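Bear in mind these aren't lab numbers, they're just calculated from the coordinates by the rules spelled out. Here the Cβ positions follow ideal geometry from the backbone for every residue, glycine too, while neighbour counts run over all protein chains shown.
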Amino acid sequence: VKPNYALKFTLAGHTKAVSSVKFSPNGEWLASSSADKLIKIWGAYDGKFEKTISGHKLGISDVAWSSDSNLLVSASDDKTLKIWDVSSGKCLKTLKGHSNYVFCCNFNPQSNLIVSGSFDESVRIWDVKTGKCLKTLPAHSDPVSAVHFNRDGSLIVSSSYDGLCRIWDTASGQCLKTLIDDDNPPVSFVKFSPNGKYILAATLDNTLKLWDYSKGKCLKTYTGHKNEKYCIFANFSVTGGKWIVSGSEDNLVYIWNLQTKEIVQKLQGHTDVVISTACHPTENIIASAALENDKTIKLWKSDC
Ligand SMILES: Cc1cc(=O)c(O)c(C(=O)NCc2ccc(-c3ccccc3C#N)cc2)o1
């Protein structure tokens, strides 16, 4: 069985490179961030523009939703994160502390915490209620490319251009494990699987790898795409068939069979690097976003 994703909507409106797209947990919305310093909110099923949220002084690298779909956090080149009320568009908190570009962000499942990673090589854990930094982790010796909580929020994984993925205890801020091999090329993205037992990591040698967290060993490698430069988002698609979904520097969305590692689809449409993909929480829907020569988001749907 293969999926049959087909283009349903093209979401135009950003005036510069799109940097991230994320579906709200309740499945109703898509948020996008851009080098044009804006966040846009769109209908998840029809691609209908809903609103623009503005306030950052420089480009935005990432956006992430709270578990109740009411708040957004954005990570900016202006060295700050902002927490937004989605329904009003108001900035509730500005999180200051990083000394350089903030590249990545995520809420924990309870959504009382935010984790951020920065060009300043640190990982920070922030209290949502107060906006206070709770912990600064001396995580890496190069820019932090991604940060992600596991399904119960007890662990954080961080990745970096230094080649390591590190798993941290959220409560204590101590490192529990480093995912490491004989050779360790730059890691451009990392995330836990939805079941919490595995980690997906992208390296800048055109490879994605699935690691067993318990054993600290690689189980599967996915190749065929191009990724030598950019921090490209990848995903587990779990609503229908079990796929790995990623963008690519050949401007395609790649879909692999999780178990066999075979490419099952390549989605064509974007006219620049597909920097971000996201998978809808309940329906077989993928969102893809592209850089400056394209500036669009595309929504794709499959029966499978
Ligand atoms: C909560 C949630 C709901 C889902 O439907 C779902 O597919 C996921 C998930 O993490 N899929 C992703 C996923 C599924 C299976 C495996 C896997 C690979 C090799 C050997 C064993 C296994 C296992 N086992 C890895 C990742 O978890």
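Overall, the chain carries a charge dipole of about 580 debye about its Cα centre when +1 sits on the Cβ of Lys and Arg and -1 on the Cβ of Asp and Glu, all other atoms neutral.
Computed over the chain, relative contact order equals 16 percent, with contacts defined as Cα pairs under 8 Å that lie 6+ residues apart. Amide hydrogen proximity for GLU292: with H placed 1.01 Å from N in the peptide plane, the residues at 5 or more positions away or on another chain lying under 5 Å are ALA17.
Which residue, chosen from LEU219, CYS304, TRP256, occupies the Cα position most advanced towards the positive end of the dipole of the chain, where the dipole is computed from +1 (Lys, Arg) and -1 (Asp, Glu) charges on Cβ about the Cα centre? The one lying farthest along the dipole's positive direction is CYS304.
May I ask you to work out the translational diffusion coefficient for the chain at 10 °C, viscosity 1.306 mPa s, via Stokes-Einstein with Rh from the Kirkwood sum over Cα pairs, reported in whole µm²/s?
On the way: Rh = 18.8 Å.
Here the translational diffusion coefficient equals 85 µm²/s.
The H on the amide N of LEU113, modeled in the peptide plane, is under 5 Å from the matching H of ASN108, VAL128, each at least 5 residues off or on a different chain. The packing ranking, built from the mean of other Cβ atoms within 10 Å per residue, places the peptides 135-144, 165-174 in the order 135-144, 165-174, highest first.
For segment 154-173 and segment 31-99, what is the centre-to-centre distance using only Cα atoms, to the nearest Å? Value for the Cα centre distance between the two parts: 24 Å.
How would you classify segment 159-232 from its alpha-carbon gyration tensor, with a ≥ b ≥ c the square roots of the eigenvalues: rounded for a/c under 1.5, else prolate if a/b is greater than b/c, otherwise oblate? Intermediate results must be reported in sequence, preceding the final value.
On the way: a/c = 1.84, a/b = 1.52, b/c = 1.21.
Note, shape of segment 159-232 comes out prolate.
Of the listed pairs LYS135/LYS177; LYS57/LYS298; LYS16/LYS40; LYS229/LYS301; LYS2/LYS229, which have alpha-carbon separations greater than 23 Å here?
Numbers: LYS135/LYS177 18 Å; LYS57/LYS298 26 Å; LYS16/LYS40 13 Å; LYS229/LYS301 28 Å; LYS2/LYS229 29 Å.
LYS57/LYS298; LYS229/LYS301; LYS2/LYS229, as the Cα separations exceed 23 Å there.
Within the shell of other residues whose beta carbon sits under 9 angstrom from the beta carbon of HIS270, the net charge comes to -1, with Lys and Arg scored +1 and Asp and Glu -1.
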